[PDB]
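**Q** part one of the complex, left exactly where it sits:
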Amino acid sequence: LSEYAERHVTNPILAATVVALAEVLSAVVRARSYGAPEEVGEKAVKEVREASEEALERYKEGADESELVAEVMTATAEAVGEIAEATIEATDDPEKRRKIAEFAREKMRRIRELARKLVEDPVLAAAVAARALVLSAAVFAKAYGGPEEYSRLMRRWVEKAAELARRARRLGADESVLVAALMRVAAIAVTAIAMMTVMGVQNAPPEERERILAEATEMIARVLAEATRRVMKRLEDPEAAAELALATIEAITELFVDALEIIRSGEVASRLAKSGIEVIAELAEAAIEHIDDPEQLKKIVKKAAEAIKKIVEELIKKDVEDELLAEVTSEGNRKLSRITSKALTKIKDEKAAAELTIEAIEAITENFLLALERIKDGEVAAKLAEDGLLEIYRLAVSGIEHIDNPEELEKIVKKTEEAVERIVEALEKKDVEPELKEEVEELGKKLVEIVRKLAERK
């Protein structure tokens, strides 16, 4: 029946709805195999039909039949996968599970093959193919009993990639870059899921198994990050460029937050944080390179600061070696310093300059407060403390040179001393060798002096 429809129906939307109905009903028939709740099939059918009606209405409203086809096929694939997975849940028989999974793979193959002909838009077609392939791999993977959280996270990654792809298609970018992005991330995801399944079959320990997820999340994030700047470099609209920067930064931050929450090993988490900080910092710097109105630049700086703090805070929640934790949070802070300095160079009025300078000074100060709140040893805490005092100096003087006039300069003159005092006093409450503590407080008494002397030089 679907063959006749696809061969002979003259309208793309009509054909898409026809094959969607056929596929959904045939998926229901397949689901009839083993007594899984009929309400699930009813819900899938109703969702497919309501979505089809909405798409038909939008087409009647003059909307693109290609977008409707992509949406309808996306929903169809989702429904088929959900039904097959629920069927997989209804039994404990291993052979039955792998048989059901093979049938589900066949269904995914059929839906993908059908999609490639109907979808006229290259980008949407690529996205639909990636979606279908990812869901196929995950639904199959469940058969052997691996934790579902990893599969859910991979689905989330694929979905985020698709969201970015549709956003950029709305932006009107060159299709080749987007197609490369979608297919590349899809390949990474598929191979990651397969490797995890292989480790599961081998009965590997979880301290080993987790490593693959960190390996995958890094490459997937960096792969999407690299695409962002390639696309952005060919845009021409400031609002659109800022939108792309903020959106991708938020998405990548959310994905890394989830991954850091999931993983459960020390060294793996340390390396993952170290990589993610750099990824987000690089993306932020890339976006900063392009011009903007002062508020638009200010928003970009604020978002980056929020992200890097949010990731660092996540790691604080986890048990990890003290020295490695210090290096991680100290290294992360330095990245905020750089982007703060790079952004400050583009401003041309005191109001934004003073606001950004204070904001970064406070933010960089805050992170150290949290790190010192959990440091395990005096020597580690001291070294991190010295670096913090030095860091805020670099931020202070680097701003001072660009500061315009004393009426503005008074704020940094006050705030820098405030920050130094807060850091030194907080460090004073912790247990440490007195000789090191005296040196740390001495450096604080020292650095504020030059800041004041440079400030005195109007």
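**A** Sure thing, it's come through. Numbering: from 1, shown residues only, chains lettered A, B, ... in the order given.
**Q** the nearest residue to residue A:174 once chain neighbours are set aside in helix, strand or coil?
**A** Closest residue to residue A:174 apart from its sequence neighbours, by Cβ to Cβ, 6 or more residues apart in numbering: residue A:234 at 6.4 Å. For every residue, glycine as well, the C-beta is placed using N, CA and C. Under DSSP: H, G, I helix; E, B strand; the rest coil, residue A:234 falls in the coil class.
**Q** and for residue A:234, the neighbour number?
**A** Residue A:234: 11 surrounding residues under other Cβ atoms under 10 Å.
**Q** so it touches residue A:173, yeah?
**A** Yes: counting by Cβ atoms under 8 Å, residue A:173 is a contact partner of residue A:234 at 6.5 Å.
**Q** what about residue A:211, neighbour count?
**A** Neighbour count of residue A:211, defined by other Cβ under 10 Å: 18.
**Q** also residue A:193?
**A** 23.
**Q** distance check, it against residue A:135.
**A** Distance, residue A:193 to residue A:135, using Cβ to Cβ, to the nearest Å: 11 Å.
**Q** over to residue A:105?
**A** Applying Cβ to Cβ, the value for residue A:105 to residue A:135 is 10 Å.
**Q** between those two, which one's more packed in?
**A** More crowded of residue A:105 and residue A:135, by other Cβ under 10 Å: residue A:135, with 26 against 15.
**Q** report the distance from the helix or strand where that one lies to the chain centre.
**A** Residue A:135 is part of helix A:122-141, with elements assigned from DSSP states H and E. The gap between the average C-alpha position of helix A:122-141 and the chain average comes to 19 Å, counting by Cα atoms, centre = their mean, to the nearest Å.
**Q** give the buried residues for the very next helix or strand once past that helix.
**A** Using DSSP H and E, the helix or strand that directly follows helix A:122-141 along the chain is helix A:148-171. For helix A:148-171, burial by neighbour count (16 or more other Cβ atoms under 10 Å) applies to A:150-151, A:153-155, A:157-158, A:160-162, A:164-169, A:171.
**Q** hang on, residue A:218 packs against residue A:273?
**A** No: with contact defined as Cβ under 8 Å, residue A:218 does not count as touching residue A:273 (10.8 Å).
**Q** which of these two has more neighbours?
**A** residue A:273 (25 against 20).
**Q** not counting residues beside it along the chain, what's closest to that one?
**A** Nearest to residue A:273 is residue A:315, by Cβ to Cβ, 6+ apart, at 4.9 Å.
**Q** just residue A:190 next, same as before
**A** residue A:137 (5.1 Å).
**Q** surely that neighbour is in contact with residue A:195?
**A** No: using Cβ under 8 Å, residue A:137 is not in contact with residue A:195, being 11.2 Å away.
**Q** between the two, who's got more neighbours?
**A** When residue A:137 and residue A:195 are compared for neighbours, residue A:137 comes out ahead with 23 against 15, by other Cβ under 10 Å.
**Q** which residues sit in contact with the more buried one?
**A** By Cβ atoms under 8 Å, 6 or more residues apart in numbering, the contact set of residue A:137 is A:189, A:190, A:193, A:194.
**Q** now do 10 Å
**A** Neighbouring residues of residue A:137 by Cβ atoms under 10 Å, 6 or more residues apart in numbering: A:105, A:108, A:151, A:154-155, A:158, A:186, A:189-194, A:197.
**Q** which among the residues you listed gets closest to residue A:245?
**A** Nearest to residue A:245, judged by Cβ to Cβ, of those is residue A:158 at 22.1 Å.
**Q** how much space is there between the closest one and residue A:148?
**A** From residue A:158 to residue A:148 the distance is 15 Å (Cβ to Cβ).
**Q** then chain B, please:
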Amino acid sequence: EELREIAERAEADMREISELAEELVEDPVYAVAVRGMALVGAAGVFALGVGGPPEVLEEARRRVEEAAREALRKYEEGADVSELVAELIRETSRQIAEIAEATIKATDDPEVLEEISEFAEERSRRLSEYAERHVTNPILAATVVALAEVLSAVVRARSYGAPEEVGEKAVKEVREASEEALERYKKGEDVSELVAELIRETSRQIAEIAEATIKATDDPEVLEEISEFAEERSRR
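**A** Let me put chain B in with the others:
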């Protein structure tokens, strides 16, 4: 055993992804990069099933990604397509050969060795065909084919314990020959002479490697298999 069943479908899925990108794409460099990353990313599953070193596999994947980044940066710079395509192919070649060389060490079983050899041979033949289809610069295509063939010969030689230096020397000579061919091309020499020199050096290299392997062997049927392989290589 069934881990092989898992790896089979994983690899088939990866190949399907490669083909879909190849048809959907509209820019040669991006298509080459997509396929290059996909193939290597897939092979790791088969290597892992056999019990290969996981850290080496991860490093190889990282290396492939780095090569892709370098090629993308060059293409964005407007560099020549031919050089970039050759670079990507060569990087994938060394990466995959490294994975095979690691896998070869996993066990003494002849059965696993045969499986590894078959996998490597299939991948190598497909890669050679693809490279011949894509590369336009004559010298680049010829050198790509020669490198692939030589690597395949070394991989086969490993299965019988032949001296590794017998392979390494031919690899060094082949690298020198490819550099010389590129130099002659830059020097304005006739292309035909460069191609002839490349093929002749490759012929002597593979002949010497196989002859050393035959000398190192002591099994009749193993000698027969070596003879068959040499005949196939010469035909190609």
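**Q** check the contacts of residue A:137 one more time with chain B there.
**A** Residues near residue A:137 by Cβ atoms under 10 Å, 6 or more residues apart in numbering or on different chains: A:105, A:108, A:151, A:154-155, A:158, A:186, A:189-194, A:197, B:9-10, B:13.
**Q** over to residue B:166?
**A** B:154, B:157, B:208, B:209, B:210, B:211, B:212, B:213, B:215, B:216.
**Q** ok, back up a step: next, the angle helix A:148-171 makes with the helix holding residue A:135.
**A** In terms of direction (axes from the mean of the first three to the mean of the last three Cα atoms, to 10 degrees), helix A:122-141 departs from helix A:148-171 by 180 degrees.
**Q** flag every buried residue along helix A:122-141.
**A** Residues A:122-141 are the ones in helix A:122-141 that count as buried (16 or more other Cβ atoms under 10 Å in any protein chain shown).
**Q** go on, stretch B:132-139?
**A** By neighbour count, and taking 16+ other Cβ under 10 Å as the criterion, the buried residues in stretch B:132-139 are B:134, B:135, B:137, B:139.
**Q** just these: which are in strands?
**A** Of the buried residues of stretch B:132-139, none are assigned to strands by DSSP state E.
**Q** next, format these as CSV and append distance to chain A.
**A** Output for the buried residues of stretch B:132-139, formatted as CSV (distance: Cβ to the nearest Cβ, whole Å):
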residue, distance to chain A
B:134, 16
B:135, 20
B:137, 22
B:139, 28
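**Q** dihedrals phi and psi, residue B:188?
**A** Dihedral angles of residue B:188 (phi, psi; degrees, to the nearest 10) stand at phi 80, psi 20.
**Q** can you check residue B:33 too?
**A** Phi and psi for residue B:33, reported as degrees, to the nearest 10, are phi -60, psi -40.
**Q** can you pull the contacts of it?
**A** Listed by Cβ under 10 Å, 6+ apart, the contact set of residue B:33 reads A:180, A:184, B:21, B:25, B:27, B:64, B:67-69, B:71-72, B:75, B:84-85, B:88, B:92.
**Q** got it, and residue A:136?
**A** Residues in contact with residue A:136 (Cβ under 10 Å, 6+ apart) are A:77, A:80-81, A:84, A:101, A:104-109, A:111-112, A:190, A:193, B:9, B:13.
**Q** narrow those residues to those in strands?
**A** Judged by DSSP E, the contacts of residue A:136 include no members of strands.
**Q** and these, which of them are buried?
**A** Counted by 16+ other Cβ under 10 Å, those give A:77, A:80-81, A:84, A:101, A:104-105, A:107-108, A:111-112, A:190, A:193, B:9, B:13 as buried.
**Q** now do the contacts for residue A:109.
**A** Residue A:109 sits in contact with A:132, A:133, A:136, B:13, B:16, where contact means Cβ under 10 Å, 6+ apart.
**Q** hmm, back to that, and the contacts of residue B:166, which two are the farthest apart?
**A** B:154 and B:215 (16.2 Å).
**Q** who has more neighbours, those two?
**A** residue B:154 (22 against 11; other Cβ atoms under 10 Å in any protein chain shown).
**Q** please name the nearest non-neighbouring residue to that one.
**A** residue B:167 (3.8 Å; Cβ to Cβ, 6 or more residues apart in numbering or on different chains).
**Q** tell me how many other residues surround the one you found.
**A** When neighbours are counted by other Cβ under 10 Å, residue B:167 registers 23.
**Q** can I get the CA coordinates of the helix or strand encompassing it in PDB?
**A** Assigned by DSSP H and E, residue B:167 belongs to helix B:164-186. Extracted C-alpha coordinates of helix B:164-186, given in PDB (Å, rounded to 0.1, in the frame of the first residue of the first chain):
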ATOM      1  CA  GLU B 164      59.600  -6.200  10.600                       C
ATOM      2  CA  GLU B 165      62.600  -4.400   9.100                       C
ATOM      3  CA  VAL B 166      62.000  -6.200   5.800                       C
ATOM      4  CA  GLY B 167      58.800  -4.100   5.700                       C
ATOM      5  CA  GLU B 168      60.200  -0.900   7.200                       C
ATOM      6  CA  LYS B 169      63.000  -0.700   4.600                       C
ATOM      7  CA  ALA B 170      60.400  -0.900   1.800                       C
ATOM      8  CA  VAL B 171      58.200   1.700   3.500                       C
ATOM      9  CA  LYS B 172      61.200   4.100   3.800                       C
ATOM     10  CA  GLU B 173      62.100   3.500   0.200                       C
ATOM     11  CA  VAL B 174      58.500   4.100  -0.900                       C
ATOM     12  CA  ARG B 175      58.300   7.300   1.100                       C
ATOM     13  CA  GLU B 176      61.600   8.400  -0.600                       C
ATOM     14  CA  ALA B 177      60.200   7.500  -4.000                       C
ATOM     15  CA  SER B 178      57.000   9.400  -3.500                       C
ATOM     16  CA  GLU B 179      58.900  12.500  -2.300                       C
ATOM     17  CA  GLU B 180      61.200  12.100  -5.400                       C
ATOM     18  CA  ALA B 181      58.100  11.900  -7.600                       C
ATOM     19  CA  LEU B 182      56.700  15.000  -6.100                       C
ATOM     20  CA  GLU B 183      60.100  16.700  -6.500                       C
ATOM     21  CA  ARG B 184      60.300  15.700 -10.200                       C
ATOM     22  CA  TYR B 185      56.800  16.900 -10.800                       C
ATOM     23  CA  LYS B 186      57.800  20.300  -9.200                       C
END
